[PDB]
Amino acid sequence: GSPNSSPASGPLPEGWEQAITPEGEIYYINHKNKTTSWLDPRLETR
Numbered sequence: 117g118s119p120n121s122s123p124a125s126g127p128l129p130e131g132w133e134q135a136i137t138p139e140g141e142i143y144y145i146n147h148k149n150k151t152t153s154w155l156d157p158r159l160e161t162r
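Okay, so the sequence shown: first residue is 117 according to my numbering, each after it adds one.
If you want it as structure tokens, here you go:
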């Protein structure tokens with residue numbers, strides 16, 4: 117969905133980038149206050 121279909125249904129807004137910890141566990145990074153959280157992705161779907 118290059119044009120948008122994909123980076124629009126599961127994008128990563130500035131302040132929420134997905135990555136992996138040195139341990140290898142997958143988690144989300146909050147650059148807003150430099151903190152680590154395991155809460156569902158940005159959009160998720162509350």
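We put the beta carbon where it would ideally sit given N, CA and C, even for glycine.
> Which residue's Cα is closest to the Cα of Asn-149: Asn-120, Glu-130 and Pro-123?
Replying inline: Locating residue 149 in the sequence shown gives position 33, counting from the first residue. Comparing Cα-Cα distances from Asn-149 to each of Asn-120, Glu-130 and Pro-123, the minimum goes to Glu-130.
> Hey, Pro-157 and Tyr-144 are a contact pair by Cβ (cut 8 Å); roughly how many whole angstroms apart?
Replying inline: The count along the sequence shown starts at 1 and reaches residue 157 at position 41. The count along the sequence shown starts at 1 and reaches residue 144 at position 28. The pair is a contact, with the Cβ atoms about 7 Å apart (cut-off 8 Å).
> Which residues bound the beta strand (DSSP E) around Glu-141?
Replying inline: Translated into the one-based positions of the sequence shown, residue 141 becomes position 25. Segment: none, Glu-141 is in no beta strand (DSSP E) and carries neither H nor E.
>> For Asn-146 and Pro-119, I'd like the C-alpha separation in whole angstroms.
In response: As a first step, residue 146 must be located in the sequence shown, where it is residue number 30. As a first step, residue 119 must be located in the sequence shown, where it is residue number 3. Each residue's Cα considered, the two are about 26 Å apart.
> In three-state terms, what does DSSP make of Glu-160?
Replying inline: Within the sequence shown, the letter at position 44 stands for residue 160. In this structure, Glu-160 counts as coil in the three-state DSSP scheme.
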